[PDB]
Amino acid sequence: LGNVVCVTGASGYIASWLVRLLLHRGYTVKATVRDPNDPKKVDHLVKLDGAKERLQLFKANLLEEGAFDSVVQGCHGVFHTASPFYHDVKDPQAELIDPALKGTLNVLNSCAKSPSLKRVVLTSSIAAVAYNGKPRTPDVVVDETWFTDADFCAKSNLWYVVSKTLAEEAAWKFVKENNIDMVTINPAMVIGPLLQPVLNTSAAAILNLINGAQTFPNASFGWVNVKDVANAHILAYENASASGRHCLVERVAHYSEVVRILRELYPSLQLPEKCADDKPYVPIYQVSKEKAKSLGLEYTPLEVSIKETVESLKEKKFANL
């Protein structure tokens, strides 16, 4: 409750929320960022309730070997969240795969030499679970027994999913051989309220639907509320019986369905009427909520997370409606 834990990539969306919630439960949080001295990118953290007294900032370059050695020491829990945001990709190997694997093992190495460590919570992705070749249609229930076939996805140049997949496999092989207790949280598209004026890929996609787009894409993604995965990380860490992977997806929805909800929430809002290609809609499917629910997690419904996202988009000045 009032113990010491470490959160990596603290400036990230999921991480920001995790820090806010950890601070609220009384924890002392040692957070790592690229430059804790840039009062521009750590402002949203220092402002959180309790931060002034229990937010401990440390400088750490995710790709710098040993950068996390001392910060994890003295922590019973380590939440490796660190999520490098978007950028045009040339070489997937040196730009996506290599940094993915490197940063994961960099932090795990640090945890391996920490006597205080009780459990590591790794933020993974639904990308490491659902892409094994099997069809994903309305009656299909994807769950934690599904594991992405990296080789298969590579043939389709689905390099981001490949990087997330290889990184998770690497993590499980490592913790197994180095006797570390690790659990992973696996979210899909993460939306909800904003703590700073910066958007992740998912919130920007929502922004794109309300700021005058002519069409909406023909795509179906799993969607989940940022408060829910942050809470899922805390519950998976605190509950001793928690283990393995945890799917964090509250329903898969096609963009036409997302647009329908937006029309219901905002009756006078201008929204795209046309889909991007005239082809049949990418089918939706189901994703198990059992494991997260087994820890007491309650899922926020999609119409509420969309409302919160659009409301924050206005508050942070991205949208003018």
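Residue positions are given as counts along the sequence shown, with the first one as 1.
Q: As stated in the PDB record, which stretch has the larger average Cα B-factor, 269-277 or 37-45?
A: Here the higher of the two C-alpha B-factor means belongs to 37-45.
Q: Compare the mean C-alpha B-factor of 178-186 with that of 90-98 as given in the PDB entry, and name the stretch with the higher value.
A: Per the PDB record, 90-98.
Q: Check the PDB entry and point out which of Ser163, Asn225, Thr81, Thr148 has the largest C-alpha temperature factor.
A: By C-alpha B-factor in the record, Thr81 ranks first.
Q: Hey, out of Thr123, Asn157, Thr137, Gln196, whose CA B-factor is highest in the deposited coordinates?
A: The record points to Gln196.
Q: State the tercile, meaning the lowest, middle or highest third, of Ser114 with respect to the CA B-factors recorded for its chain.
A: According to the entry, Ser114 has a C-alpha B-factor in the chain's highest third.
Q: Taking the C-alpha B-factors as the PDB entry records them, is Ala319 in the lowest, middle or highest third of its chain?
A: Tercile = middle for this residue's CA B-factor.
Q: Once the chain's modelled residues are ordered by C-alpha B factor and cut into thirds, is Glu65 in the lowest, middle or highest one?
A: It belongs to the highest third of the chain when residues are ordered by C-alpha B-factor.
Q: Once the chain's modelled residues are ordered by C-alpha B factor and cut into thirds, is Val7 in the lowest, middle or highest one?
A: For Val7, the deposited C-alpha B-factor lands in the lowest third.
Q: So where's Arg260 on the chain's Cα temperature factor ranking, which third?
A: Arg260: CA B-factor falls in the middle third of its chain.
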